[PDB]
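Visitor: This is my_file17.cif, which holds mmCIF, C-alpha atoms:
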```cif
data_coords
#
loop_
_atom_site.label_atom_id
_atom_site.label_comp_id
_atom_site.auth_asym_id
_atom_site.auth_seq_id
_atom_site.Cartn_x
_atom_site.Cartn_y
_atom_site.Cartn_z
CA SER Q 1 0.00 0.00 0.00
CA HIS Q 2 1.92 3.12 -1.32
CA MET Q 3 -1.29 5.21 -1.90
CA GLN Q 4 -4.64 4.79 -0.02
CA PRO Q 5 -7.33 7.63 0.32
CA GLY Q 6 -7.72 6.71 4.05
CA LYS Q 7 -8.85 3.16 5.06
CA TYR Q 8 -11.36 4.88 7.47
CA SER Q 9 -13.11 6.67 4.48
CA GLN Q 10 -13.28 3.35 2.53
CA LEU Q 11 -14.70 1.76 5.73
CA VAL Q 12 -17.41 4.56 5.96
CA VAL Q 13 -18.55 4.01 2.31
CA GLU Q 14 -18.89 0.23 2.84
CA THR Q 15 -20.45 0.71 6.39
CA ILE Q 16 -23.41 2.75 4.98
CA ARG Q 17 -23.55 0.13 2.13
CA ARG Q 18 -23.90 -2.70 4.81
CA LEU Q 19 -26.90 -0.88 6.44
CA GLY Q 20 -28.27 0.66 3.18
CA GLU Q 21 -29.80 3.69 5.03
CA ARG Q 22 -32.07 5.41 2.40
CA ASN Q 23 -32.92 8.16 4.98
CA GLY Q 24 -29.30 8.51 6.35
CA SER Q 25 -27.26 7.02 9.29
CA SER Q 26 -26.02 9.03 12.36
CA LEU Q 27 -22.20 9.45 12.92
CA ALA Q 28 -22.89 7.47 16.19
CA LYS Q 29 -24.55 4.54 14.23
CA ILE Q 30 -21.75 4.52 11.53
CA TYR Q 31 -19.19 4.57 14.44
CA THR Q 32 -20.80 1.48 16.14
CA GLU Q 33 -20.53 -0.48 12.82
CA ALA Q 34 -16.99 0.88 12.09
CA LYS Q 35 -15.54 -0.11 15.56
CA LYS Q 36 -16.38 -3.83 14.80
CA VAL Q 37 -12.99 -4.20 12.87
CA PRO Q 38 -9.80 -5.18 14.92
CA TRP Q 39 -7.60 -2.70 12.87
CA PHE Q 40 -9.97 0.23 13.77
CA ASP Q 41 -8.56 2.67 16.40
CA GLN Q 42 -11.15 2.50 19.30
CA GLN Q 43 -9.61 5.75 20.81
CA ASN Q 44 -9.31 8.58 18.16
CA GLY Q 45 -11.10 6.56 15.39
CA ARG Q 46 -14.36 8.53 15.99
CA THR Q 47 -12.48 11.78 14.95
CA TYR Q 48 -10.99 9.86 11.94
CA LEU Q 49 -14.57 8.88 10.83
CA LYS Q 50 -15.82 12.48 11.52
CA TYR Q 51 -13.14 13.88 9.12
CA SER Q 52 -13.34 10.96 6.54
CA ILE Q 53 -17.15 11.43 6.21
CA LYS Q 54 -16.85 15.28 5.99
CA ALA Q 55 -14.22 15.02 3.19
CA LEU Q 56 -16.47 12.44 1.33
CA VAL Q 57 -19.45 14.93 1.58
CA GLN Q 58 -17.08 17.54 0.01
CA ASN Q 59 -16.29 14.89 -2.75
CA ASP Q 60 -20.15 14.44 -3.24
CA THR Q 61 -19.66 10.72 -2.31
CA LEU Q 62 -21.88 11.17 0.81
CA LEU Q 63 -25.11 13.22 1.27
CA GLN Q 64 -25.32 15.28 4.54
CA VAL Q 65 -28.66 14.50 6.30
CA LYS Q 66 -29.88 16.62 9.31
CA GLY Q 67 -33.11 16.73 11.41
CA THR Q 68 -35.00 13.48 10.47
CA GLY Q 69 -32.91 10.84 12.37
CA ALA Q 70 -30.07 12.74 14.11
CA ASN Q 71 -28.10 16.07 13.97
CA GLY Q 72 -25.26 14.56 11.86
CA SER Q 73 -26.76 11.75 9.71
CA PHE Q 74 -24.97 10.61 6.45
CA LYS Q 75 -25.63 8.23 3.47
CA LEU Q 76 -24.17 7.17 0.05
CA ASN Q 77 -24.62 9.28 -3.16
CA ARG Q 78 -22.78 7.41 -6.02
CA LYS Q 79 -19.20 6.59 -7.38
CA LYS Q 80 -18.97 10.40 -8.17
CA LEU Q 81 -15.80 10.45 -5.89
CA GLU Q 82 -13.44 9.78 -8.88
CA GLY Q 83 -16.03 10.46 -11.69
#
```
How does this structure look as C-alpha cells?

Guide:
Amino acid sequence: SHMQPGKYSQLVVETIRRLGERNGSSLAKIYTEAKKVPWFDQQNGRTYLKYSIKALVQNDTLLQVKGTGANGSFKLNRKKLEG
C-alpha cells in the first residue's frame, strides 16, 4: 500500500452500504458499525470517521442528512468520488 485515500473513508462508504440507510445514518450509528474491525482505532477513530465522512461529503460521495434521524446523519450518493 503506497497510496490509499484513508482506510477509514473506505470503511465509511462500505459501512453505509452494509446498512443501506435510504434516509441517512447518524455518525454514532456509523461509528458502532466501524468499531467492529480489529484494525480500527477505538480511541481517536471517531475523529478519523468524523473527518473521513466530511471530506467524502465535500467529494459528493456522501449526502449530509440533518433533522430526520439525528443532527449529523450521512448516506451514500454514487461513485462520483473519482467520476

Visitor: Which residues, written as a list in words, have at least one atom at most 12 Å from residue Q:72, with only C-alpha atoms counted and residues fewer than 6 positions away on the same chain left out?

Guide: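 Result of the neighbour search: residues 24, 25, 26, 27, 28, 29, 30, 31, 50, 53, 54, 57, 63, 64, 65 and 66 of chain Q.
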
Visitor: One decimal, in Å: what's the spacing between atom CA of residue Q:7 and atom CA of residue Q:22?

Guide: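 Computing it gives 23.5 Å between the two atoms.
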
Visitor: Could you tell me how far atom CA of residue Q:2 sits from atom CA of residue Q:78, in Å to one decimal place?

Guide: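 Atom CA of residue Q:78 sits 25.5 Å away from atom CA of residue Q:2.
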
Visitor: Give the answer as one residue: which of Q:49, Q:43, Q:23, Q:10 has the shortest atom-to-atom distance to residue Q:79, using all atoms listed in the file?

Guide: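 For residue Q:79, the nearest of the given residues is Q:10.
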
Visitor: Select all residues near (-13.3, -1.9, 12.0) (cut-off 10 Å, inclusive, file coordinates), counting only C-alpha atoms, and output them as an MDAnalysis selection string.

Guide: chainID Q and resid 7:8 11:12 15 31:42 45

Visitor: Could you check how far atom CA of residue Q:5 sits from atom CA of residue Q:18, in Å to one decimal?

Guide: 20.0 Å

Visitor: Would you pick out the contacts of residue Q:13 at 7 Å or less, using only C-alpha atoms, so that residues sharing its chain but fewer than 4 positions from it are not included, and give the list as a short mmCIF file (atom, residue, chain, number, x, y, z; two decimals) with C-alpha atoms, in the coordinates of the input?

Guide:
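As a result, part-v9.cif now contains:
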```cif
data_model
loop_
_atom_site.label_atom_id
_atom_site.label_comp_id
_atom_site.auth_asym_id
_atom_site.auth_seq_id
_atom_site.Cartn_x
_atom_site.Cartn_y
_atom_site.Cartn_z
CA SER Q 9 -13.11 6.67 4.48
CA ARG Q 17 -23.55 0.13 2.13
CA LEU Q 76 -24.17 7.17 0.05
#
```

Visitor: Let me make sure I understand: among Q:59, Q:52, Q:44, Q:68, which one has the smallest atom-to-atom distance to residue Q:82 if we use all atoms listed in the file?

Guide: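 For residue Q:82, the nearest of the candidates is Q:59.
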